[PDB]
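Structure first, commentary second.
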Amino acid sequence: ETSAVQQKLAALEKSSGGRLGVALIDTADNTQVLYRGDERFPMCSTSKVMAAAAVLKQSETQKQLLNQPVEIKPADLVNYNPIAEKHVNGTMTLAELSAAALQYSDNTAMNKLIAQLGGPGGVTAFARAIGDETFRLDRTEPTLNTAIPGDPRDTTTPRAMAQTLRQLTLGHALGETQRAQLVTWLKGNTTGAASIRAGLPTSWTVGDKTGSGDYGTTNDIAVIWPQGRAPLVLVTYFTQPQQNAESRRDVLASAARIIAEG
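Residue numbers (the entry's author numbering): 25 to 57, 59 to 238, 240 to 288.
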């Protein structure tokens with residue numbers, strides 16, 4: 025059975041030619057609205074939130090950890106390194122790496138976070154520690170974005186990621202200073218203007234992390251503070267049938283516009 029919300033999302037999906045996954049949590053009353062909420066989708070760069078959060082968790086017991094400088098070698102650079110390339114043969118602190126990974130989607134920065142955590146499995150272990158039984162990180166950048174249909178590597182579900190993002194930003198999966206820091210990073214994202222944010226009222230404050238990958243995979247996860255009412259968490263995942271499909275951030279904006287109604 026479907027609601028009119030789900031019907032509108034299904035029509036958007038049909039028009040788009042792809043596969044859309046949505047999870048909304050309204051923290052006013054803890055209700056969820059889901060569309061394909063328990064299907065797996067390739068996370069692509071949305072997985073950077075879990076890696077940054079895992080380092081924040083480490084820093085709760087190692088208070089200067091975020092200011093620890095990490096060497097950037099020429100050999101560390103991958104396919105998209107807008108911030109890390111400014112620091113070759115120099116350093117970036119774990120905070121700088123987190124900001125670059127989250128706010129510019131720097132892929133070298135993500136690999137440094139993964140290395141700090143002992144490999145992709147260290148990111149997954151943190152997910153499990155905070156009650157996310159669904160997330161899995163299997164690979165580093167850039168291969169975590171292959172996004173092959175049916176492949177469970179580097180996937181989660183909309184429901185699981187919405188629940189986790191809520192716990193990380195509005196709940197207490199992290200300590201107070203750390204939750205606030207994650208919120209600061211997400212709010213300052215530079216890559217999200219055409220995704221969820223484009224579908225929401227401009228008066229609403231938004232923190233988000235986008236993702237993109240093969241199969242035209244186009245994703246965004248957000249914490250949203252509407253005017254005059256309790257915050258929301260929204261995940262919008264989208265992927266397409268053919269490997270070289272074009273990005274469709276407009277689909278994410280359209281999904282957010284549907285969800286915001288009412």
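Note that beta-carbon positions come from the ideal geometry of N, C-alpha and C, so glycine has one too.
Taking a cut-off of 8 Å for Cβ pairs, the segment 200 to 219 and the segment 79 to 90 touch, as three or more such pairs fall below it.
For the pair of segments examined, the segment 146 to 157 was found not to touch the segment 125 to 137: the number of CB pairs separated by less than 8 Å stays below three. Beyond the five residues adjoining it in sequence on each side, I97 comes within less than 8 Å, by CB distance, of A109, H112, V113, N114, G115, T116, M117, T133 and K137 in the same chain, given in chain order.
DSSP links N245 through a beta bridge to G236 and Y263. Ranked by how close their Cα comes to the Cα of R275, the residues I247, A79 and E287 have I247 in first place. Beta bridge pairing from DSSP links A47 with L59 and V261. The segment 253 to 269 makes contact with the segment 50 to 57, as at least three CB pairs between them are under 8 Å. Of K88, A126 and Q188, the smallest CA-CA separation from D63 is found for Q188.
The alpha-carbon separation between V231 and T71 amounts to approximately 15 Å.
Proximity to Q128 across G175, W210, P226 and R161 peaks at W210, based on C-alpha coordinates. Annotation: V208 to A126 spans about 14 Å, alpha carbon to alpha carbon. Of the residues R161, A286, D157 and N214, the one whose Cα lies closest to the Cα of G144 is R161.
Here the C-alpha atom of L142 lies approximately 42 Å from the C-alpha atom of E25. For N92, the closest alpha carbon among the candidates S123, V74, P107 and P67 is that of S123.
Rounded to the nearest whole angstrom, the C-alpha separation of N170 and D179 is 8 Å.
Here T165 is not near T182, since their CB atoms are 8 Å or more apart. For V95, the enclosing beta strand (DSSP E) begins and ends at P94 to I97.
From the listed residues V277, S130 and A286, the smallest Cα separation to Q253 is found for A286. When C-alpha distances from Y241 are compared across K212, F66 and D163, the shortest belongs to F66.
Judged by their CB atoms, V249 and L190 are nearer to each other than the 8 Å cut-off.
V46 places its beta carbon less than 8 Å from that of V261. The C-alpha of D163 lies about 16 Å from the C-alpha of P174. Listed in chain order, the non-local C-beta contacts of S280 below 8 Å within the same chain comprise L36 and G224, local neighbours out to five positions each way being set aside. Take the alpha-carbon of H197 and the one of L90: they are about 20 Å apart. In this model, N270 and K88 are separated by some 44 Å (Cα to Cα).
Bridge partners of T118 according to DSSP: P94.
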